[PDB]
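Just so you know, the protein sequences line up as chains P, P', A and A', in that order. A prime marks a further copy of an entry chain.
If you read the first sequence in the entry's author numbering, its first letter stands for residue 44, the second for the next number, and so on.
If you read the second sequence in the entry's author numbering, its first letter stands for residue 44, the second for the next number, and so on.
Heads up: the third sequence is residues -2 to 69, 78 to 231, going by the entry's author numbering.
Heads up: the fourth sequence is residues -2 to 69, 78 to 231, going by the entry's author numbering.
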Amino acid sequence: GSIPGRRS
Amino acid sequence: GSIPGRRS
Amino acid sequence: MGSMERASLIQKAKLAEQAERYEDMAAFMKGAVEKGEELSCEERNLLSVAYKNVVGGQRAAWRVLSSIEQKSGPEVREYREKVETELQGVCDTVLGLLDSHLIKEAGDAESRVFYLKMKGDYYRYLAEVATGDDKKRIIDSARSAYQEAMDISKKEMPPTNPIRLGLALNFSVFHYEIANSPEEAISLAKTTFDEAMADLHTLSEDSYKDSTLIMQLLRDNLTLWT
Amino acid sequence: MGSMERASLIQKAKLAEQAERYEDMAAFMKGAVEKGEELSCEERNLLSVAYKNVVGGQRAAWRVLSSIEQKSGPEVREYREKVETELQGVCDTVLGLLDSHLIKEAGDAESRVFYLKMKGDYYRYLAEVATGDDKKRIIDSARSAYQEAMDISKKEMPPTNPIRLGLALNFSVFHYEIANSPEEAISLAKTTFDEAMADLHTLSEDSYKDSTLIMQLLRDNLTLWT
Ligand SMILES: *Cc1ccc(S(=O)(=O)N2CCN(CC)CC2)cc1
Ligand SMILES: *Cc1ccc(S(=O)(=O)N2CCN(CC)CC2)cc1
Ligand SMILES: [Mg+2]
Ligand SMILES: [Mg+2]
């Protein structure tokens, strides 16, 4: 999977 | 709490 | 959604639920209601699930922003106000569908109770964010809708009927959280639970599961409240 | 959002994230970008988080609807197409912000790599739903963006830099899932992981935590792929 990237 | 009511 | 077939709107609402696209699901079901035909039991549930999800996300956001606002430029209030206005707009939309014309065309007890419970819930969500000239009137609107639903449900449904049980659950939440009547909330939840428990012996296995799931929710509230 | 102050847009994007209002968060950050100033590291992250959440929900919905479509009136295809068009619209919006004018104004390596990684990601999301005349061209666009990001990152960043690591992770996913190049994906992930591991000794405790979190993701892919 890719970077979740959904939380700052 | 009330009825969740969020899934059919 | 005026150019889409009723059946296609219902099918797409079901797809939107599986895709977790609740705004779409609500728009499809609003289109279906506006076709002007009465709704079946399954269709009433799709309408209710769609809007409960939409308004549930708005309510959760509103509570986050209100907490931040209470703890503390104009930005937090401004943003809380915009989420609030959007939430009120959704509640007004649901209430408008019930008033034009779902309730007046609902003659059997199952449909009418379902819609009056909805009406109480959406006025309750309006009451959660109300602060001014109409907070009292909004609370009374919720109360009146729930009360009419309760009167019909007690006359026309067995005490284990899941809609009757969910109505009593939500009305008890109204009493506890909105109306500042915790004793009324406790009494309603206890009486509801006990009268349901005494009727379980009449139910099939499947109905027993349906009723006891909601009775548990009544119990979890009673445990938190007592 | 042209009438709102840049600083207010940034503040509201942060509030929207706490409220889990990602569409709002993306609209606030788009407004901030359009003010025309460069973005700081924190602001780049807010922009990226906002759109990753928005497009992530769309991608998940698209996969649900595409699975239903593959297993089977026109309603499923119609609804999959509308979700697809909306997803493409968001990707086009992000790509437009990068092209006008975030990338060309990004001169230090940290900013430029960040935006080129974004560009690769959003072309990759377009590629996931592409089937026709432009699938090949979209794949090449993603490849080219990632490759330019990789070339700068290897020249200008240490091998443990988290953006360099996340870029390599996502490019390896591109190779495995989009470009039908699993061996390239495995080689890139392995080389990236090993070169990072050899550099960990240079890091503080906090940086070590930042880098190893992404190295773990490289490892979890290598475990699934081998
Ligand atoms: C308001 C409310 C009450 C009860 C429910 S339920 O028990 O989850 N249920 C009622 C009937 N229906 C068909 C089986 C589906 C939902 C939901 C909401
Ligand atoms: C694409 C991408 C790579 C890495 C991350 S992170 O490690 O979660 N991180 C990078 C730096 N930044 C400031 C600390 C926040 C996010 C996220 C996305
Ligand atoms: Mg027709
Ligand atoms: Mg200004």
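From the three backbone atoms N, C-alpha and C, an ideal C-beta is built for every residue, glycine too.
- Message: Distance cutoff 8 Å, beta carbons only. Does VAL178 of chain A sit that close to anything in chain P'?
- Response: Yes - at least one Cβ of chain P' is within 8 Å of the one on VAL178 of chain A.
- Mind reading off the beta-carbon distance from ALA10 of chain A' to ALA58 of chain A'? Whole number of angstroms is fine, and I expect it under 8 Å. Contact flag wrong, Cβ pair sits at about 23 Å.
- Can you find a heavy atom of ligand 2 that lies under 7 Å from the Cβ of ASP113 of chain A'? Ligand 2 has no heavy atom closer than 7 Å to the beta-carbon of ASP113 of chain A'.
- Where does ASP104 of chain A' land, buried or exposed, given buried means 16+ other C-beta within 10 angstroms? Its Cβ having fewer than 16 others within 10 Å, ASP104 of chain A' is exposed.
- Query: With distances taken from each beta carbon to the nearest heavy atom of ligand 2, which residues come in below 7 Å, in chain order?
  - Reply: In chain order, the qualifying residues are P:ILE46, P:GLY48, P:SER51, A':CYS38, A':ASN42, A':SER45, A':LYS122, A':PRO167, A':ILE168, A':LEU170, A':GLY171, A':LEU172, A':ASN175, A':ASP215, A':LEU218, A':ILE219.
- Does ligand 3 have a heavy atom nearer than 7 Å to the CB of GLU2 of chain A? Yes - ligand 3 has a heavy atom lying nearer than 7 Å to the Cβ of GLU2 of chain A.
- Item | Neighbour list for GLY53 of chain A in chain P', Cβ cutoff strictly below 9 Å | Chain P' residues near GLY53 of chain A: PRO47, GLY48, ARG49.
- Counting contacts by CB-CB distance shorter than 8 Å, is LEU174 of chain A in contact with chain P'? So yes, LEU174 of chain A belongs to the interface.
- Task: Report the residue ranges of all beta strand (DSSP E) runs contained in full by the segment 106 to 164 of chain A; include only those spanning at least 3 residues, in chain order.
- Result: Fully enclosed beta strand (DSSP E) runs of 3 or longer: not present.
- Item | Opening and closing residue of the alpha helix (DSSP H) in which residue 74 of chain A' lies | In this structure residue 74 of chain A' is absent; chain A' steps straight from 69 to 78.
- Below 8 Å, can you find three or more Cβ-Cβ pairs linking the segment 121 to 140 of chain A' to the segment 89 to 108 of chain A'? These segments touch.
- Determine whether the Cβ of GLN93 of chain A' lies closer than 8 Å to any Cβ atom of chain A. For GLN93 of chain A', the closest Cβ of chain A is not nearer than 8 Å.
- Which residues of chain P have a Cβ atom closer than 7 Å to the Cβ of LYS49 of chain A', listed in chain order? Neighbours of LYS49 of chain A' on chain P, chain order: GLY48, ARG49.
- Alpha carbon to alpha carbon, how far is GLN55 of chain A from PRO187 of chain A'? Each residue's alpha carbon lies about 42 Å from the other.
- Query: Could you give the residue range of the alpha helix (DSSP H) that holds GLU83 of chain A'?
  - Reply: Bounds of the alpha helix (DSSP H) holding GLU83 of chain A' are 80 to 102.
- Message: For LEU222 of chain A' and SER216 of chain A', I'd like the C-alpha separation in whole angstroms.
- Response: Rounded to whole angstroms, the separation of the alpha carbons of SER216 of chain A' and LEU222 of chain A' is 10 Å.
- Give the range of the alpha helix (DSSP H) segment to which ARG169 of chain A' is assigned. Secondary structure note for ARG169 of chain A': its alpha helix (DSSP H) is the uninterrupted segment 167 to 178.
- Message: Once the 5 residues before and after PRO163 of chain A are set aside, which same chain residues still bring their CB inside 8 Å of it?
- Response: Beyond the five residues adjoining it in sequence on each side, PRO163 of chain A comes within less than 8 Å, by CB distance, of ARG169, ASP204, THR207 in the same chain, given in chain order.
- Own chain, CB closer than 7 Å to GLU20 of chain A, minus 5 neighbours either side, in chain order: Answer for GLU20 of chain A: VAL51, listed in chain order.
- Item | 6 Å Cβ shell around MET22 of chain A - same chain, five flanking residues per side excluded | If we look at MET22 of chain A and ignore the five residues flanking it on each side, its Cβ neighbours are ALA10, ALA13, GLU14, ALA47.
- Are the C-beta atoms of residue 76 of chain A and some chain A' residue less than 8 Å apart? Not modelled: residue 76 of chain A, which lies between 69 and 78, the two residues flanking a gap in chain A.
- Message: I want to verify the contact list: residues of chain A' whose CB lies under 9 Å from the CB of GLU39 of chain A, in sequence order.
- Response: In chain order: nothing, as chain A' lies at least about 17 Å away.
- Could one say the Cβ of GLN152 of chain A' lies closer than 8 Å to chain A's Cβ atoms, at least one of them? Not closer than 8 Å to any Cβ of chain A, the Cβ of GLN152 of chain A' fails to qualify, so no.
- Message: With a threshold of 8 Å, are at least 3 pairs of Cβ atoms found where one atom belongs to the segment 114 to 134 of chain A' and the other to the segment 144 to 161 of chain A'?
- Response: The count of Cβ pairs closer than 8 Å, one atom from the segment 114 to 134 of chain A' and one from the segment 144 to 161 of chain A', reaches three, so the stretches are in contact.
- Per-residue burial, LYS27 of chain A' [other beta carbons within 10 Å of its own, 16 or more giving buried]: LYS27 of chain A' is buried by the Cβ-count criterion.
- Sequence-distant residues of the same chain with beta carbon closer than 7 Å to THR231 of chain A', five excluded per side: Take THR231 of chain A', set aside five residues on each side of it, and the residues of its chain with a beta-carbon closer than 7 Å to its own are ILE191, in chain order.
- Message: For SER177 of chain A' and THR197 of chain A', I'd like the C-alpha separation in whole angstroms.
- Response: For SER177 of chain A' and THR197 of chain A', the distance between alpha carbons rounds to 10 Å.
- Item | Start and end residues, alpha helix (DSSP H) containing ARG41 of chain A' | Start and end: 38 to 68.
- Message: What residue range does the alpha helix (DSSP H) around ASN185 of chain A' cover?
- Response: Here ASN185 of chain A' belongs to no alpha helix (DSSP H), and DSSP marks it neither H nor E.
- Message: If contacts are defined as beta-carbon pairs under 8 Å, then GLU80 of chain A' and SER5 of chain A qualify, I think. What distance do you get, rounded to the angstrom?
- Response: Rounded, the Cβ-Cβ distance is 5 Å, consistent with contact.
- Message: Could you compute how far the alpha carbon of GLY53 of chain A' sits from the alpha carbon of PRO47 of chain P?
- Response: Each residue's alpha carbon lies about 9 Å from the other.
- Message: Is there a C-beta anywhere in chain P' that falls below 8 Å from the one on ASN185 of chain A?
- Response: Taking Cβ atoms only, chain P' never reaches closer than 8 Å to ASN185 of chain A, which makes this a no.
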